[PDB]
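# An overview of the molecular structure
Here are the chains, one letter per residue:
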Amino acid sequence: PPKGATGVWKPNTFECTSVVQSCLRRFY
Amino acid sequence: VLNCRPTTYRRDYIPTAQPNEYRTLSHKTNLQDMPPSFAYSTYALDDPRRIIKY
Amino acid sequence: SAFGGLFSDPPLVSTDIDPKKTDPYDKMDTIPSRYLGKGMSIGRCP
Amino acid sequence: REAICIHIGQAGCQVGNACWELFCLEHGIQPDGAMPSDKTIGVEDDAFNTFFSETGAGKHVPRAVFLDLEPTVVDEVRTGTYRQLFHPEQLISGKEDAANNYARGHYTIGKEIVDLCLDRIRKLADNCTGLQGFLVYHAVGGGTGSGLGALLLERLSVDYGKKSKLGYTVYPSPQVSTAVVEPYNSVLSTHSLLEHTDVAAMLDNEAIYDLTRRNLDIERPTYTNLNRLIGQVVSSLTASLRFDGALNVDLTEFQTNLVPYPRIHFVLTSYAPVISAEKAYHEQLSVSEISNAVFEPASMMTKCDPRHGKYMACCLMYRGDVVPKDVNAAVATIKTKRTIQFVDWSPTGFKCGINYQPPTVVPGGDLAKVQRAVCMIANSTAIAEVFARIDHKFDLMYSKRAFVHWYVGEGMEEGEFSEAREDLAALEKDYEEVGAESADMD
Amino acid sequence: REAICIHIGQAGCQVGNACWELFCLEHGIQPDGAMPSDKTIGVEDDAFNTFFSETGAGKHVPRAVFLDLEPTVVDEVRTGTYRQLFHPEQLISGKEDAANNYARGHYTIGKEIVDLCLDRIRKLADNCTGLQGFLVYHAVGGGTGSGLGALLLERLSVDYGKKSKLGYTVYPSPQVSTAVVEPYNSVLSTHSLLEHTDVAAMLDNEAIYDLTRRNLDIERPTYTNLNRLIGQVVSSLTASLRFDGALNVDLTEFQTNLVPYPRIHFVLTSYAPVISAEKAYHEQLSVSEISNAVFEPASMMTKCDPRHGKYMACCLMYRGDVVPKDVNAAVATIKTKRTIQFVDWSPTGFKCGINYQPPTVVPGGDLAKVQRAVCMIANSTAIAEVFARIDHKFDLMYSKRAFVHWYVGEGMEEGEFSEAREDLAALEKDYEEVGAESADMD
Amino acid sequence: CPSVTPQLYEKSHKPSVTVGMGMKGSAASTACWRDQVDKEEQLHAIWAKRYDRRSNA
Amino acid sequence: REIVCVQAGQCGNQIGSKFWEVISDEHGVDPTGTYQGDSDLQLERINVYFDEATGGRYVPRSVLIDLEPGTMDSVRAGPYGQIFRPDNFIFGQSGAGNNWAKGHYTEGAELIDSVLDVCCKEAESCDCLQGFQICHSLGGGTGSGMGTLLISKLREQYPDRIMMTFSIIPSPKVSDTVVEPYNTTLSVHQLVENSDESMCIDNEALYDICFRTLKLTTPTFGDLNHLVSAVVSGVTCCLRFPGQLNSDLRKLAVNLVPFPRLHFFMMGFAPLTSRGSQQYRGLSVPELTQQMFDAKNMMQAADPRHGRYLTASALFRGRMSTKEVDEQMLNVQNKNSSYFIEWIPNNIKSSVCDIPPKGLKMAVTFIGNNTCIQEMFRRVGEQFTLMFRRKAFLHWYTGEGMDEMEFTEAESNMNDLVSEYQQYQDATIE
Ligand SMILES: Nc1nc2c(ncn2[C@@H]2O[C@H](COP(=O)(O)OP(=O)(O)OP(=O)(O)O)[C@@H](O)[C@H]2O)c(=O)[nH]1
Ligand SMILES: Nc1nc2c(ncn2[C@@H]2O[C@H](COP(=O)(O)OP(=O)(O)OP(=O)(O)O)[C@@H](O)[C@H]2O)c(=O)[nH]1
Ligand SMILES: Nc1nc2c(ncn2[C@@H]2O[C@H](COP(=O)(O)OP(=O)(O)O)[C@@H](O)[C@H]2O)c(=O)[nH]1
Ligand SMILES: [Mg+2]
Ligand SMILES: [Mg+2]
């Protein structure tokens, strides 16, 4: 480890749903 | 006996709601046959009050 | 961040945390000088 | 003319569904595709303006926001046949609940969502020309209702200032209970609501269940019935703004007439012709019977007994076919009774209102059809007993710090419990002192 | 009347494709340069003349050149749908790219191609009778855009002199980045752009991504969306030259009104009804709402917060159905707000323009259809924060000469980094001095 | 005070809250004035429809 | 609000296999993984336990770990085994040997990095992460050692989330292994520090439920694992369906635990009734509440009559009135007032959910926090002290490398847990 914050690698995030959502039709 | 299962909101406030009027539908249903409706209004484009006479 | 998905939350102009920098709804504004007062007194002939 | 509705948390949104169902059915707002295909009133009138704004193409949209930290209930409103009404920005939902912790709602999670709510309320308040108040629905027993309700009323009170704020609040019942930490949340909520509210309406679920068991004939009531009763009360109070009448009453008149001192703003509410269809066809319902009915404790929607206190002011709203002479005869008969007592410093204890629009009947509803109704809001010293019982339950739990570690972990000092408990104790002393006669020896 | 467009590099050519698509669709020229043969309105109006010239057989050809050092993008224009619109001499392409090196574009490779560009611009300028400015589109982050854009602006500025030169420039976003050497190229570009440009408009990709996520409902935006928004803004700015209106604004009036001191010519841009079709049908969009909208930071296409600075001048262009009295009431209401501040030496902060032609709708577009729109360009001291972060990134990299050997190998002295960084330090000090409240009056 | 009448000048600078009869320059006063003139026209129309049937002739 | 599952050891893998069958049935997912349901209410919360693969498919968010592949080959050979993602199967090359120290220190540290990499990779893909769910036995070897190792690592990496464990615990009479007291004591010592909430099941209680209530002539491990899957799927029901009074795992934890160490709970499920008998039961809220407090339906060997309830929670599934629930819980608190701790004014939380489990018209699951669990800890401490005083089998653990002071520390910490339960049991207002 290069004197950093431990030899652990944090995986990324896939999706980020927001607060307000649309009311139009949604399909399966 | 348990084929039909509603939730309480749909049973009390919106009982006549068919499954075709909710946001989630299958991807093989026709959309042209459904009448258009995307807002709430007093009149249905009714001629008694909208027309301005002259 | 709070809204979610945005790169950064946009700044807000309407409100603020600091009570001495927020924008009140009821702006207490000035009346025009014309619509006040009495005006000229004008007499007819009896 | 205009009023803005703010719905917070679970009780406030569920009561909001019933309220907007009722106001839509009373005004005649329907699906645009669904033509009436039947006879209607057909009269173009401005009454909707209190609750709706027009886009100019003639669509109606309502003056409301729905606020919640858990998605389920708001996602449930986004999926029905009522999605077509609200503007999608109005339906705001967070990711995770405040888990019955006031500290979590106020400090950790509501602090992220609060700025969106104030921006939406400003966008609504900019589209008004005679705003005369906010109506707020929430329960003080839960975490998000207490924490976000307090934070939002504090911000509204700094930004909007003098404008009036009327709250409809569901308080924890005195022996029926749903969660263990209810006393802590209710005390900490009540501390904020004391400073930042103009009129507070008091509700107890046990009273509305007792009223639905005794007067209506329902053995197994559920929340939809209570919310429909609340919607009828709100419709009665706001009817004075929307329809013609003999004696109108603006929302500022409630605040001027019901509140004698700035801290004495907690009021009781009751409704008279709560009656079933089978009883309704056996009896006439004249003004004097319903006026006598509103003072019986079987008619009240809060579990308190007013015979153990003194009235300070009463505001009686009559709607439907009533004539002022009958109201005067009824009020004189009430004034004669010996079991109804007013503090001697309040000689003119009554304000009357008379409106011509009778209460609406909802197709799936349980109330009967009646030509007239009366609704009452009154200020009484009996309310001091509810706070005394909450404080005793708080003292029992707080003597051993039974659950404090959650609140201390979510960011709050232990000192804040003692401050709030002393402030509610001072409110109890205010109600003891105000009700003491200023008798002078001579 | 006439304006000449110069497109440099990849971003500038791709934004040019969207711009010419829009200008064609607004006038009605088919993609092959021929007017509709079946349309017989008869009033063959001259409005196209600002952007097109006629041969005599009735084909249209546009007043633009496309300049690039790599062939791929120009060959895409040559083989795409608009192949027949452009004159083949206008599409100029070199052999090899500037490889993100400003030195490679300016010293080694652009010096061979630059003389063809000046000959084409001369051939365009000879076919004009009222040329009133150049519009330039480029990005300062890449090698050929920086080096050849600077060299070409210097040569145009010496040869043509007083004629105005307006640049639309995409600056490096504060945390979004595409290449490692962006700070060096942006500093070296801005050094040349300071002396040889009359107005510079700043854009950040991070802002247009935020605007497309929050207002429009697009989950996965791409460069075509950003380029269509930029094209709409350019069409709004140039609409004042092409159609009838109540208050016209010539391109020299923008330059006269927006720049107070000769170095303070960097401006922010915003557009009001960026809205989705589902929200647009739920809300009316009157003048006062869009006037309040143009000042919210959620509407800007550059990532800066104006509450940390002061506005010096605003130019508001309204297009569509708007009436001057509503514009006057709106501007007076904006001026009343306390969180919007103007420098005290600029009491009359606003210039207005009102044009009747509404914005065009593009078949594959994402904006809704609206009857009116407003676009704003404003000068504010907040831009000083944008330069400080680029200068900080330059200082971090330059402390160790992280990549300088490429620039030194392709022909540039090491001294040029320190000179340019000192010039940007002086620009920062100019924005500090102009914004200081003078206390001599009191 | 530079004005001949001091009371009017003093009353002019006193801030005001009434946004009713068209006096202000803000949007609210303009919208309300438009509402008032529209209401007057509508009321006259209804009254003429219900009493004066010979106006148009 | 999605849960991530981890299945460890033989007991954990088998209960998990049955659990994923029950959950897949409730959401109408075919054994090929294709959604074939008939209402949007099923689909609208499928994300909570399943991730979506391309073109309709769903994959279950679970990690399977074991030290010998025999169990893994058995679950992969099962009827729904194909649904599991192949890269999610982790196995070693030598068994746990029923020894906690080898399973925790020697093969644990060898495999733990690959399981933590997969668990972190799965958690960080979520837009908002709710707690983890772990199934394992405390009496075994790889279940106890590697389960507690992984629990400690996840508590280091995600300290702000909730940590939930489901654990099977040894009967006092039916031992399956001689060295159960050491593995159980060390595991409970690790859990009481790391866990936020832990649920416990006695195989003896499930045997008595099957024989007395269900009258099964020849019960099998599939029935016990079905009862466990029923309670496990009931606890999460309010997270994934609408209702009149929503509830959540964090809301349950905040209302159930008065003090951080008091987080061990008993479970029960009510509409249990044997086949064949014309009596139906469960057709009104009084019937469910009366059966709910019947000790025949409680999943621990300790009986409530020897202790007192600190707190309790009931989650109801079905269309029902709130008055029957509220008035029943008040009547039960008033009639049996001596068994409820008096310095809390109301000990029961209620919750109501609209969607019942398939094949039942209504159901309720009961969670209870009772001090009678102290008798079980005292029993484990007695058997541990009897074995440790005589060095009965310690050389295996010491040969793996453990110092005896870890055993004395774990015994002391468990004894202090028993003391804390006893002091709060006998507290008074004074
Ligand atoms: N009248 C009425 N009371 C309700 C309703 N829903 C909940 N309550 C009562 O309000 C209290 C619970 O408050 P909640 O609204 O659930 O709390 P919350 O606002 O959801 O806060 P969180 O749990 O953190 O999300 C209990 O006393 C319930 O009996 C309702 O729909 N109508
Ligand atoms: N808005 C927008 N930005 C773009 C586009 N294409 C590239 N950019 C941005 O511009 C910068 C890259 O500049 P380029 O145009 O690729 O540089 P160049 O002109 O090709 O210079 P060379 O690489 O030497 O050929 C980065 O910040 C990109 O994000 C585009 O189509 N639209
Ligand atoms: N309920 C249940 N208990 C089980 C199951 N398999 C094993 N057990 C119990 O768990 C204990 C054995 O632990 P085990 O899983 O073999 O530990 P391991 O060797 O570390 O995997 C004994 O009490 C068994 O009765 C199962 O499928 N269901
Ligand atoms: Mg809630
Ligand atoms: Mg390039």
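Residues numbered from 1 in each chain as written, not as in the entry; some residues may be left out. Chains lettered and ligands numbered in written order. Part of a larger assembly, values for the part shown. Heavy atoms only, no water.

This deposited entry lists cryo-EM as its structure determination method and 3.2 Å as its resolution.

### Brief notes about the overall build of chain G
Across its full length, chain G holds 15 helices and 12 strands. C-alpha extents for chain G along the principal axes are approximately 65 × 60 × 45 Å. Across the 430 residues of chain G, 62% fall into the buried class. By sequence separation, contacts in chain G at least 24 residues apart represent 81% of the contacts at least 6 residues apart. Of the roughly 17,500 Å² that chain G leaves accessible, carbon and sulfur atoms contribute 50%. Each charge sign in chain G was given a centre, from 36 positive and 53 negative side chains, and these centres are 6 Å apart. (Helix = DSSP H or I, 4+ residues; strand = E, 2+ residues; numbered from the N terminus. Buried < 20%, exposed > 50% of the residue type's maximum accessible area, 1.4 Å probe, protein only. Contact = heavy atoms within 4.5 Å. Areas by Shrake-Rupley, 256 points an atom, 1.4 Å probe, with all protein chains shown as cover. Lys, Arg positive; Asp, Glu negative; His and termini not counted. Charge placed at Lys NZ, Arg CZ, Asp CG, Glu CD.)

### Thoughts on the interface of chain G and chain D
Where the parts come together, the accessible area they lose is often given as the size of the interface. Chain G puts 34 residues into the contact, and the matching count from chain D is 35 residues. In total, about 3,500 Å² of surface goes out of reach between chain G and chain D, with carbon and sulfur atoms giving 54% of it. Here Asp75(D) ties to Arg45(G) by a salt bridge, and the two come within 3.5 Å at their closest N and O atoms. Counting across the chain G and chain D interface gives 9 residue pairs in polar contact. Looking at the side of chain G that touches chain D, the elements that each hand over two or more residues are α10 (249-256), α12 (322-335) and β11 (348-353) of chain G. (Buried area = accessible area lost by both parts, 1.4 Å probe. Salt bridge = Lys/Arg side-chain N within 4 Å of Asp/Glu carboxyl O. Polar contact = N/O pair within 3.5 Å; in protein donor to acceptor, adjacent residues only side chain to side chain.)

### Digging into the interface of chain A and chain D
Across the contact, 6 residues belong to chain A and 9 residues belong to chain D. When chain A packs against chain D, close to 750 Å² is buried across both sides, 60% of that on carbon and sulfur atoms. Of all residues in chain A, the largest losses of buried area upon contact with chain D belong to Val19(A), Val20(A) and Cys23(A), amounting jointly to 71% of the total for that side. There are 0 salt bridges connecting chain A and chain D. Joining chain A to chain D, the criterion identifies 1 residue pair in polar contact. A per-class count over the side of chain A that touches chain D returns 3 nonpolar, 3 polar and no charged. (Nonpolar A, V, L, I, M, F, W, Y, C, P; charged D, E, K, R; others polar.)

### Looking at the site of ligand 1
Around ligand 1, 19 residues are found, and the nearest of them are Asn100(D), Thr144(D), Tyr223(D), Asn227(D) and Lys251(G). Positioned at a junction of chains, ligand 1 has nearby residues supplied by chains D and G. One of the side-chain N or O atoms of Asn205(D) is found 3.4 Å from a nitrogen atom in ligand 1. One nitrogen or oxygen atom from the side chain of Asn227(D) is found 3.2 Å from a nitrogen atom belonging to ligand 1. In the complex, 92% of the free accessible area of ligand 1, which totals 640 Å², lies under the protein chains. Under a 2 Å grid-point criterion requiring more than half of the atoms, the pocket assigned to ligand 1 is the largest cavity. Taken together, the elements giving at least two residues each to the shell around ligand 1 come down to α1 (9-27), α4 (143-160) and α7 (223-242) of chain D. Residue contributions to the shell around ligand 1 peak at 4 residues, all from α1(D). Tallied by class, residues from the shell around ligand 1 come to 7 nonpolar, 11 polar and 1 charged. (Near = heavy atom within 4 Å. 1 Å grid on protein atoms, 1.4 Å probe; cavity = no way out; pocket = protein on both sides within 12 Å on 5 of 7 lines; lining within 4 Å. Sits in = over half its atoms within 2 Å of the grid points.)

### Considerations on the sheet that holds strand β12 (residues 350-355) of chain E
Strand pairs in the sheet, formed through backbone hydrogen bonds, run parallel or antiparallel to each other. Residues and elements named next belong to chain E. Read from one edge to the other, the open sheet built from 11 strands follows the order β5-β4-β1-β6-β7-β8-β10-β13-β11-β12-β9, with strand pairing classed as mixed. Pairing within the sheet leaves two strands with one partner each, and these edge strands are β5 (91-93) and β9 (245-247). Neighbour to neighbour, the strand axes of the sheet diverge by 20° on average, direction disregarded. Two elements, strand β7 (residues 165-170) and strand β8 (residues 199-203), share 5 bridges in a ladder whose sense is parallel. The residue bridging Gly167 from the neighbouring strand is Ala200, located in β8. Most of the contacts of helix α10 (residues 287-294) go to strand β13 (residues 372-380), to which it runs at about 30°, and overall it touches β10 (266-271), β11 (311-320) and β13. (Pairing = 2+ DSSP bridges. Axes fitted to C-alpha atoms, helices over the stretch in contact; angles between N-to-C directions.)

### Considerations on the pattern of salt bridges
Residues and elements named next belong to chain D. Per the counting criterion, the structure on display carries 58 salt bridges over all chains. For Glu219, the salt bridge is made with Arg213, and the minimal N-O distance between the two is 3.3 Å. Just as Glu219 is exposed, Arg213 falls in that class too. Between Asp430 and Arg263 there is a salt bridge; the shortest N-O distance is 3.5 Å. With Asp430 in helix α14 (residues 415-434) and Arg263 in the loop between α8 (251-258) and β11 (266-271), the pair connects residues that are 167 residues apart, well separated along the chain. Owing to a relative accessible area of 34%, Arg263 belongs among the partly exposed residues under this scheme.

### Describing empty space enclosed by the protein
Taken as a whole, the largest cavity holds about 920 Å³ of empty space. Taken together, 44 residues make up the lining of the largest cavity; nearest its centre are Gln10(D), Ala11(D), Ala139(D), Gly142(D) and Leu245(G). Going through the elements one at a time, α1, β7 (131-139), α4, β8 (165-171), α6 (205-214) and α7 of chain D together with α12 of chain G are the ones with two or more residues in the lining of the largest cavity. Take the lining of the largest cavity: its biggest share by element is 6 residues, from α1(D). Tallied by class, residues from the lining of the largest cavity come to 18 nonpolar, 18 polar and 8 charged. (Points joined across faces, edges and corners; volume = space filled by probe spheres on them.)

### Quick look at the site of ligand 2
All names here are of chain E. For ligand 2, the set of nearby residues contains 18 residues, the closest of which are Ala11, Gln14, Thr144, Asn205 and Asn227. One of the side-chain nitrogen or oxygen atoms of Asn205 is found 3.4 Å away from a nitrogen atom of ligand 2. Looking at the shell around ligand 2, the elements with two or more residues in it are α1 (9-27), α4 (143-160) and α7 (223-242). For the shell around ligand 2, the element with the highest residue contribution is α1, accounting for 4 residues. In terms of residue class, the shell around ligand 2 is built from 5 nonpolar, 11 polar and 2 charged.

### Observations concerning the pairing of strand β5 (residues 64-68) of chain D
All names here are of chain D. Of all 5 residues making up β5, 5 are buried, and the element is well covered by its neighbours. Residues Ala64, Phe66 and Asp68 point to one face of β5 and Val65 and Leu67 to the other, with burial holding for every one of them. Relative to β5, strand β1 (residues 2-8) runs parallel, the two sharing 4 bridges. Directly across from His7, in β5, lies its bridge partner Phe66. Two elements, β5 and strand β6 (residues 91-93), share 3 bridges in a ladder whose sense is parallel. Along β6, the bridge assignment pairs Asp68 with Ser93. What joins β5 to β6 is helix α2 (residues 71-77), and the crossover it makes is right-handed. (Right-handed = clockwise from strand over helix to strand, strands pointing away.)

### Describing the packing of aromatic side chains
Using the criterion set out here, one finds 69 aromatic pairs over all chains in the structure. Ring geometry for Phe19(G) versus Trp20(G): centroids 5.7 Å apart, planes at 65°, classification edge-to-face. The exposure class assigned to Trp20(G) is buried, which follows from its relative accessible area of 3%. Ring geometry for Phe132(G) and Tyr158(G): centres 5.7 Å apart, planes at 10°, overall stacked. Of this pair, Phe132(G) sits in strand β6 (residues 129-137) while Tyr158(G) is found in the loop between α5 (142-157) and β7 (163-169), placing the two residues 26 residues apart along the sequence. Across this residue pair, the class does not change: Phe132(G) and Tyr158(G) are buried. An aromatic cluster of at least three residues, connected via ring pairs, comprises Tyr184(D), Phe394(D), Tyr398(D), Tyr407(D) and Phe417(D). Here the basic side chain of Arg34(C) rests over the ring of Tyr35(C), its NZ or CZ set 5.3 Å away from the ring centre. One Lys or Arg, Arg401(E), reaches over the ring of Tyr398(E) and ends 5.3 Å from the middle of that ring. (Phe/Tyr/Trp six-rings, centres within 6.5 Å; stacked < 30°, edge-to-face > 60°. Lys NZ or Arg CZ within 6 Å of the ring centre and 35° of its normal.)

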